[PDB]
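Below is one structure; the comments refer to it alone.
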Amino acid sequence: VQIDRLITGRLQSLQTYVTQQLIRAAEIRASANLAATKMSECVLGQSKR
Amino acid sequence: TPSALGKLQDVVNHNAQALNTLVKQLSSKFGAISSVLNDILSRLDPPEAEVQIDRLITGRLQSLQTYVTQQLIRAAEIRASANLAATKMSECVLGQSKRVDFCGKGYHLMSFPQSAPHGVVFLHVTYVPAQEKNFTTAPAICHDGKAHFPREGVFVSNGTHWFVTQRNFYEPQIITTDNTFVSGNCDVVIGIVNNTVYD
Amino acid sequence: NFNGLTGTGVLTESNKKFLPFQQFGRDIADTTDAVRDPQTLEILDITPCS
Amino acid sequence: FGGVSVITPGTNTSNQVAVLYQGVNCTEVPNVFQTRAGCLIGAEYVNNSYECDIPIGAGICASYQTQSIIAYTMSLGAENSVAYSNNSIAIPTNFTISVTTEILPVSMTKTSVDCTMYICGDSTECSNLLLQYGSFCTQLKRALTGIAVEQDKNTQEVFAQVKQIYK
Amino acid sequence: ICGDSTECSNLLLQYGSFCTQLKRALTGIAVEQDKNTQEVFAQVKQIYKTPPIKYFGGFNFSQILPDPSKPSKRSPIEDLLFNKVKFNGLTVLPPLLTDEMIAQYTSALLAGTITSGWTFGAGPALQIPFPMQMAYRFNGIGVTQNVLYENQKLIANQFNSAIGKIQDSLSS
Amino acid sequence: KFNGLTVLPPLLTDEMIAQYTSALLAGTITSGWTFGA
Ligand SMILES: *[C@@H]1O[C@H](CO)[C@@H](O[C@@H]2O[C@H](CO)[C@@H](O[C@@H]3O[C@H](CO)[C@@H](O)[C@H](O)[C@@H]3O)[C@H](O)[C@H]2NC(C)=O)[C@H](O)[C@H]1NC(C)=O
Ligand SMILES: *[C@@H]1O[C@H](CO)[C@@H](O[C@@H]2O[C@H](CO)[C@@H](O)[C@H](O)[C@H]2NC(C)=O)[C@H](O)[C@H]1NC(C)=O
Ligand SMILES: *[C@@H]1O[C@H](CO)[C@@H](O[C@@H]2O[C@H](CO)[C@@H](O)[C@H](O)[C@H]2NC(C)=O)[C@H](O)[C@H]1NC(C)=O
Ligand SMILES: *[C@@H]1O[C@H](CO)[C@@H](O[C@@H]2O[C@H](CO)[C@@H](O)[C@H](O)[C@H]2NC(C)=O)[C@H](O)[C@H]1NC(C)=O
Ligand SMILES: *[C@@H]1O[C@H](CO)[C@@H](O[C@@H]2O[C@H](CO)[C@@H](O)[C@H](O)[C@H]2NC(C)=O)[C@H](O)[C@H]1NC(C)=O
Ligand SMILES: *[C@@H]1O[C@H](CO)[C@@H](O[C@@H]2O[C@H](CO)[C@@H](O)[C@H](O)[C@H]2NC(C)=O)[C@H](O)[C@H]1NC(C)=O
Ligand SMILES: *[C@@H]1O[C@H](CO)[C@@H](O)[C@H](O)[C@H]1NC(C)=O
Ligand SMILES: *[C@@H]1O[C@H](CO)[C@@H](O)[C@H](O)[C@H]1NC(C)=O
């Protein structure tokens, strides 16, 4: 029972870490898409926006 | 190409795998005596097995919560993709976007949407120049003691003559007063050349 | 309760062809989908009721 | 400690495989090349660079070319020194019309989960025990229904832009 | 979850296979980072090289072009940007594209935009003098081409002075 | 629908998305970009 209590506590921590990493990865992916749009429109051309 | 329609197959496979992982945790006991609820309801003391049933509920309720959170994340991703697709439909199909690499590689002409399972496919018709030749250019031309600049085009060299042509297609034209506009003198422009301007 | 396999669902006459030694049928998700009748030899599909 | 990854050029091509021990030294594993990303067994290193085929890490990629798997530093592309000058202009004399496809996911399957049936499965004792944990069933239902109605708006915002059905 | 105790490993199975679901999520995040870098820097299919003569009509790109005397072939601005910016079960995977390859992609994007303008993004790299392509950008923003040619020395000095202040702005 | 998990059908069928695509195509081949404005 003590091992199950330790496994459950450490497993939920890894799940929270994975969820936070997913959220931060979505943020970084949005930023990278913005940078890729900015690379093609501002560097590879001239933007009227 | 097998990797052509992978992004939609990836989404449907992620959904199927999430459903299978959710239905697989049903067979997990989460440290209890077993996972079959009927057996636990028929192998222990009814007033005592309440704390044992509490362990199965938390194991299945928290799995449903993780499933809902992952579905929210995937829904955010799919909504970003759908907003991008709507912007592409409004800008590339309903018009001619001047944005580079947004409606395909090259100068975008027009686009045609295509229906796809849980997605959309855009056929980007673009303009790609080819067969280029290099010539000698000059910023301005001094004929009547005044510098002439092209209105819409670029001065090119015939080797022994000078022409004015559009910057995206080689179409030589005689450098007349209609193709060029005069502005200022000739001692203030670097690289100016001498050539007659047809009147 | 088919020879010990206890469940709940609708029983319909299936068109499947089990092997002579097989008794149960399961899908990809590892769940009972079809069960051979003990007395006769027919195969009955098992689907969630409603 | 580290993960073991298998590099295969596909079973349709050949059955040869190369194992990659990520992040470890080649001397502590039980033909071999100490790649900056780990020890690579079953793929010889070559100096002839090509385009990346099978990513490995640290600028090294694997490929199948000749009946053996080879590892190489990926080349970013062919070198093109544009003939720049003070007065050299390049004007294209021809053109080509090209069509490029772009696939974008718009929606996904609208799923819905029955709380009592999934957690309990027609158990009367279990169904009354769910109330002690609050209304967590309502939150999941409202969250899943919000996703379902969101997929219908995704398809609506992408395709339903025309006011009239043109023939 | 278990470390070295074997009694935990077989006991982890009775709780679930979460270690498998989590490791597949981290691999997706890991391969997403390699795709993010390729979508930004790998937009060109050819590695354009800067000409041996660094004259571009008065414009000075020494602060942004690669320095052959410095290691890693970085530019001074990239040098400043780089200078300013195995555990208990967790590992750090190396990126697919190294810093020298991202720097080479950046050099290709920079050498192409100074020798070909915007033509290398739409197709083949059409060579064009830098004062010529600068007049096209002036014609795009809404001023005639003669404004640049009659003030090329002033615009070149304003460009060189502004690039020189970028290092001070990012350092201070 | 097997174990409490149900899959709801989309509001717009595949034939309606096809009709929307056909309308967009017929508009862009016969009217250019004018039908969007
Ligand atoms: C611009 O590029 C296009 C595409 O390459 C050129 O069209 C090509 O013109 C050549 C010469 O007329 C064609 O070759 C001929 O093909 C026929 C068979 O169709 C053959 O019987 C002849 O003996 C000859 O080989 C070629 O097919 C054609 N390409 C296409 C796709 O139609 C065009 O000439 C170029 N224009 C300039 C000004 O360079
Ligand atoms: C300059 O362009 C002309 C076409 O406009 C090329 O053709 C010559 O045209 C001149 C008339 O100005 C004739 O006298 C020549 O006989 C033409 N050449 C030939 C080979 O027919 C001319 O070749 C171009 N100049 C160069 C140096 O190529
Ligand atoms: C373009 O024409 C101008 C004027 O016709 C040339 O300028 C002359 O250059 C010679 C030699 O340097 C001087 O002796 C004259 O006094 C200049 N004229 C004037 C009005 O200043 C110029 O050299 C010509 N350029 C080319 C390339 O032919
Ligand atoms: C179990 O007993 C029943 C009852 O006899 C068998 O069913 C008979 O099967 C024969 C052969 O197909 C038919 O001619 C009879 O009409 C059936 N009788 C009834 C009442 O259905 C059944 O075959 C037996 N099971 C096995 C495996 O032999
Ligand atoms: C383009 O023009 C520049 C500037 O006139 C030329 O650079 C000069 O080259 C000569 C010969 O090597 C040197 O003596 C000068 O010091 C250079 N000037 C500067 C400001 O660097 C360049 O050679 C020209 N390019 C071509 C192809 O003609
Ligand atoms: C272009 O810019 C570079 C750097 O700003 C200039 O190099 C400087 O030259 C002066 C005078 O020779 C030196 O005192 C500085 O130390 C140099 N800077 C560096 C960072 O080394 C260069 O002179 C400019 N012009 C050209 C044509 O390159
Ligand atoms: C044009 O480009 C070719 C190679 O692309 C080069 O050899 C030549 O010197 C350039 N200039 C002229 C005038 O042909
Ligand atoms: C680890 O790998 C490096 C690189 O080949 C090598 O120099 C070093 O000796 C290795 N360490 C051990 C303990 O084998």
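What to note about this one:
- Within a straight-line Cα-Cα reach of under 25 Å, B:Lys146 can be paired with the following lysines, leaving aside sequence neighbours fewer than 8 residues apart in one chain: E:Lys153.
- Dipole of region B:10-110, positive direction: furthest Cα of B:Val51, B:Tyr107, B:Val11, with charges on the beta-carbon: B:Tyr107
- For chain A, the longest principal axis of the alpha carbon atoms and the long axis of helix A:2-38 meet at an angle near 0°.
- Environment charge of A:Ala25, counting only residues whose C-beta is closer than 12 Å and scoring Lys/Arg +1, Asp/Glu -1: 0
- The trypsin sites (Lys or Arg not before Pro) found in chain C that occupy coil by DSSP, while having at most 14 further C-beta atoms within 10 Å, are C:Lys16, C:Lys17.
- Whole-number Å³ per residue for the convex hull built on Cα positions in region B:50-199: 206
- Coarse-grained scattering of region D:1-57 at q = 0.22, 0.29 Å⁻¹, given as base-10 log I(q)/I(0) from a Debye sum over alpha-carbon atoms: -0.92, -1.32
- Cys with no candidate disulfide partner in chain E (beta-carbon separation under 4.7 Å rule): E:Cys19
- In a DSSP loop and with at most 12 other Cβ atoms within 10 Å, the trypsin sites (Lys or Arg not before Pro) in region B:1-102 are B:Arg43.
- Neighbour cut-off at most 10 other Cβ (10 Å), DSSP loop, chymotrypsin sites (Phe, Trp or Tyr not before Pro), chain C: C:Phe21
- Rg and Dmax of the protein assembly as shown, both derived from C-alpha coordinates alone, stand at 32.8, 113 Å.
- Using alpha carbons only: equivalent-ellipsoid semi-axes of region E:78-124, gyration tensor based, whole Å: 34, 15, 7
- Within the shell defined by Cβ-Cβ distances under 12 Å, the residues around F:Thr21 carry a net charge of -2, with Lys and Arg each +1 and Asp and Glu each -1.
- Rounded Å value of the spacing that divides the Cα centres of region D:150-167 and region B:150-191: 49
- Span from the region D:11-72 Cα centroid across to the region E:50-128 one, whole angstrom: 28
- Axis angle, to the nearest 10 degrees, between helix B:50-88 and the longest C-alpha principal axis of chain B: 10 degrees.
- A quarter of the convex hull surface defined by the alpha-carbon atoms of region E:1-44 gives 4.0 nm² as the mean projection.
- Given charges at beta-carbon only (K, R positive; D, E negative), |dipole| of chain A in Debye: 160
- Averaging 1/r over every pair of different alpha carbons in chain A and inverting the result gives a Kirkwood radius of 13.8 Å.
- Local charge for E:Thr37 was computed over the other residues whose Cβ lies under 15 Å away, with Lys and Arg +1 and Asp and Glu -1, and equals -2.
- Debye, to nearest 20: dipole size of the protein assembly as shown, +1 on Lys, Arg Cβ, -1 on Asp, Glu Cβ: 1100
- The 3J(HN,Hα) values that the Karplus relation (6.51, -1.76, 1.60; θ = phi - 60°) gives for region E:123-140 are, in residue order, x, x, 6, 8, 5, 7, x, 5, x, 6, 6, 5, 5, 5, 6, 5, 5, x Hz. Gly and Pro appear as x.
- Counting all C-alpha pairs of chain C, share separated by more than 13 Å (%): 55
- Distance histogram in 10 Å bins (all Cα pairs of region D:1-149, percent per bin): 8, 20, 13, 13, 21, 17, 5, 2, 1
- Exposure proxy for B:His118, B:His161: other Cβ atoms within 10 Å of each Cβ, ordered fewest to most, give B:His161, B:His118.
- Convex hull volume per residue in cubic angstrom - Cα atoms of chain E: 188
- Translational diffusion of region D:65-147, µm² s⁻¹ [Kirkwood Rh, Cα pairs; Stokes-Einstein; 20 °C; 1.002 mPa s]: 100
Bear in mind these aren't lab numbers, they're just calculated from the coordinates by the rules spelled out. As a convention, Cβ positions derive from the backbone with ideal geometry for all residues, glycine included, and neighbour counts pool all protein chains shown.
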